[PDB]
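The block underneath contains the structure these notes are about, expressed in structure tokens.
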Number of protein chains: 2
Amino acid sequence: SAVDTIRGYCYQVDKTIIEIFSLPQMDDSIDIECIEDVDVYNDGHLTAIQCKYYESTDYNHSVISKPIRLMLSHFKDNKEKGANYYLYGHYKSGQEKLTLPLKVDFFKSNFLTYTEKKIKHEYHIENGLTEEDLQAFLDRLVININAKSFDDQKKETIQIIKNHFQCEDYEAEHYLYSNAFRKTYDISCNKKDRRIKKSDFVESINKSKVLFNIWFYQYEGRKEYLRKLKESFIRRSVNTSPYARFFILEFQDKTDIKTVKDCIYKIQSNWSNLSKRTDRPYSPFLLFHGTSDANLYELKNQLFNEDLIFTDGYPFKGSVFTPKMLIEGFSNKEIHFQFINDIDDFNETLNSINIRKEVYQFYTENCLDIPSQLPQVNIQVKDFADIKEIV
Amino acid sequence: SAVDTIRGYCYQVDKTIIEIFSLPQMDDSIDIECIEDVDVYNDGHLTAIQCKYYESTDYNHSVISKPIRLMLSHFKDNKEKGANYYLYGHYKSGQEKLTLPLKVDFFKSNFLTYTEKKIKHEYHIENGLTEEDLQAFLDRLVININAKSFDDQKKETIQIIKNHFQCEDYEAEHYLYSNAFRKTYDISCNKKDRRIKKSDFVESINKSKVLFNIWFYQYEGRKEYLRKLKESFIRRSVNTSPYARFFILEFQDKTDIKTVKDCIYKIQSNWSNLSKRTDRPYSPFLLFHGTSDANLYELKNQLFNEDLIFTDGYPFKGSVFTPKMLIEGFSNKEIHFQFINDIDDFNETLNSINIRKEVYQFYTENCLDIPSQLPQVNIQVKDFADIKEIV
């Protein structure tokens, strides 16, 4: 369907970022196949790139007849752009049938000649295209039915992403591949004569912050893309270990409070064990930024009036920031979770703890810089409501 | 033995007080002999009023000879003061020896023709005086050796007050008599031609506040003056019932903090039965005023480090007053006492409490208006440290 548009629009990106890391010059010498101009808000149409994997069958000239025809209509109406059309494929057999290179008298004999509703068509005749006008299309056209499988190129992209600065495989396919994807895409669509340098690429896509891949969540689906984040980052990380776990969250004034609350309940429900029949309990910590004081205060009262007990180190008015109650609250069972008001009180909370410390930071437009020592996890999202389905 | 000055300065005030309530006019006309000017910081050497009680002894003249002579010395140079001199007595016999009206001849050779160190003295001829000046002194001299006893007059003065107010025994001796004393003294001392009015005097000395009587403080001593307040007002009735007691204390920004905590500790140690067996526990309430938030907040920061756990409604920064945590901590044994920050949050606590409420206030300079609905106990003191010896 139209997924082959997406399932393949990423192939040309991987082939492009593989084209950079394989380059060992480590200097500013490489150019890029540039212009897409997609505006991925909808992304269902505008199929300038595709990839087909009828490997269970063979290439037949009739599976890819229509895509090339829809490609021709784009060049037919927009010849004056100089962009390139890309087509890839991976089949069991049948690759021998595509007589390469592409010639016109072979082009219109198997691709532009088809049968629809017991009548035949000739696309070049039915649109008035000279063979000279057709020659530009076949030149701008890129066909490779002998290409690697989509899965094997994705893995080949991973093993190369590990073999640049020696990361781990079980965690890199959700961190480095993503930030390199969007970076290459934004560089491609921009026609600012921006050619990449291999040095600047790596030193600008590795900050422990997972950015939003606007293509993957369209490929897998929000219900599934969020599950891919849960099983990879947080479910792999910890299952039952009592540590000092932190949850930094960005929420702006536009965000609803009743939505934020139901997220806090999910953290306490999953990342806590205040059992009467246990001897090593744990309760989590929170933190917020990018809001007003009264909005944070009005949030606390509701959680307290709803009988969800917590502590923020201020047991009374005029109390200095006393963190030892957070340690007691971390072990107390009448305290469901802990609260951290501001940022200056956050650094002081780390210095007063002598056990394992993890950080799960989320943000929309502004992320908080965190000391490099702790196992921090920074994650970008579109809406706040997507966080509940990760924790 | 200079108490005869103090003990007898009261007798004039009591007699001055008796003559007011005896007057049934309830109107303007009553005038007081005014000039005292004692400056009672020391009050030792100055003797304008004296009263001797030599029961089991007889009125001689060697007993009151010098007290009369010391008055004449105070009259020789102060011949123009226009004040009166008082001397009252209460003996068993010998009053017949006096000669009223006191004439000049009996004045000379009974007290002035005295003997000292085997030397015969004549105070009048020695200091060069005449009967025109001596009679002028007798014209301003008050001698009644046939007077009431000190205690019998003190008992009698109390009964005059209990009749007018229909009050209780403790509500008269330590509340009404004391405030009527410093009222009369201050009025008598003042020379603004202030003719006292019966109605105005009665309705201006009853505000449920027990004032500071420096005479009783100097006649009985801090060792005893505080003990009377203890047995009369507080240890009188309230001993061990789980009520809601509200201690209110005034302290300016000039009082030692250690002076305050030792009082709070005594309060908490005397109004808490948070034992292991008691199924009906209770813990007291505290409220301060007349200070800065700097001192009051740091005071609380010393107690939580001293492991004296309390509550003041606010469980976190930017919270709103939650009085149920005070009620929850009132019966919770991990909470040692309850704190109240301001008077407004105090007012919102009474209507939230539905048990017996008692109020004990201590103050030095400024008091707090308290609704007459509650059994308020307001007490003026000289120094803040005198409260540990009361509660």
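Residue numbering restarts at 1 for every chain of the structure tokens, chains are lettered A, B, ... in their displayed order, and ligands are numbered from 1 as they appear.
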(request) Write out as an MDAnalysis selection string every residue belonging to chain B that has an atom at most 9 Å from any atom of chain A, counting only C-alpha atoms. (result) chainID B and resid 293:294 296:298 300:301 310:320 341
(message) Residues within 8 Å of range 30-35 of chain A, please, as a PyMOL selection string. Count only C-alpha atoms; anything in the same chain fewer than 2 positions from it doesn't count.
(response) chain A and resi 16+20+28+37+83+187-191+195-197
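Superposing chain B on chain A by least squares over every C-alpha atom, paired in sequence order, leaves a C-alpha RMSD of 0.8 Å.
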(request) Name the closest residue to residue 175 in chain B among the candidates B:148, B:228, B:382, B:118; distances are taken between atoms, counting only C-alpha atoms. (result) B:228
For range 229-234 of chain B, list every protein, DNA or RNA residue within 9 Å, evaluated using only C-alpha atoms, and leave out those in the same chain fewer than 2 positions away; present the list as a compact mmCIF listing (two decimals) with C-alpha atoms, in the first residue's frame.
```txt
# COMPACT_ATOMS: atom_id res chain seq x y z
CA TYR B 170 -10.29 32.07 92.56
CA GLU B 171 -11.91 34.58 90.17
CA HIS B 174 -6.16 36.67 91.99
CA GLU B 224 6.05 32.73 95.44
CA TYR B 225 4.23 35.11 93.07
CA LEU B 226 4.55 32.56 90.26
CA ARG B 227 3.54 29.66 92.53
CA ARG B 236 -6.78 24.55 90.07
CA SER B 237 -8.97 22.38 87.84
CA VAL B 238 -7.41 21.22 84.55
CA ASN B 239 -5.17 18.20 85.21
CA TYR B 360 -3.98 29.99 78.07
CA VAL B 377 -6.91 32.76 80.62
CA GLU B 389 7.51 28.08 86.53
CA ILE B 390 3.76 28.45 85.85
CA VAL B 391 2.80 25.75 83.34
```
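On the backbone of this structure, DSSP gives strand (DSSP E or B) within range 210-261 of chain B to residues 210, 244, 245, 246, 247, 248, 249 and 250 of chain B.
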Resulting file, chosen residues, N, CA and C atoms, as a PDB file, in the first residue's frame:
```
ATOM      1  N   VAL B 210      -5.388  38.934  83.461  1.00  0.00           N
ATOM      2  CA  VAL B 210      -4.764  39.111  84.766  1.00  0.00           C
ATOM      3  C   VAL B 210      -3.503  39.938  84.565  1.00  0.00           C
ATOM      4  N   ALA B 244      -8.441  20.244  74.052  1.00  0.00           N
ATOM      5  CA  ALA B 244      -7.621  20.971  73.090  1.00  0.00           C
ATOM      6  C   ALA B 244      -7.191  22.278  73.744  1.00  0.00           C
ATOM      7  N   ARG B 245      -5.933  22.341  74.169  1.00  0.00           N
ATOM      8  CA  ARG B 245      -5.406  23.488  74.894  1.00  0.00           C
ATOM      9  C   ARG B 245      -4.535  24.321  73.963  1.00  0.00           C
ATOM     10  N   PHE B 246      -4.732  25.638  73.991  1.00  0.00           N
ATOM     11  CA  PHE B 246      -4.106  26.559  73.044  1.00  0.00           C
ATOM     12  C   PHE B 246      -3.258  27.562  73.819  1.00  0.00           C
ATOM     13  N   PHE B 247      -1.961  27.284  73.920  1.00  0.00           N
ATOM     14  CA  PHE B 247      -1.038  28.196  74.584  1.00  0.00           C
ATOM     15  C   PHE B 247      -0.613  29.305  73.631  1.00  0.00           C
ATOM     16  N   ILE B 248      -0.821  30.551  74.051  1.00  0.00           N
ATOM     17  CA  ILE B 248      -0.504  31.728  73.251  1.00  0.00           C
ATOM     18  C   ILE B 248       0.516  32.558  74.016  1.00  0.00           C
ATOM     19  N   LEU B 249       1.621  32.898  73.353  1.00  0.00           N
ATOM     20  CA  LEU B 249       2.734  33.579  73.999  1.00  0.00           C
ATOM     21  C   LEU B 249       3.213  34.731  73.129  1.00  0.00           C
ATOM     22  N   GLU B 250       3.519  35.857  73.769  1.00  0.00           N
ATOM     23  CA  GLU B 250       4.107  37.009  73.100  1.00  0.00           C
ATOM     24  C   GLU B 250       5.591  37.084  73.435  1.00  0.00           C
TER      25      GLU B 250
END
```
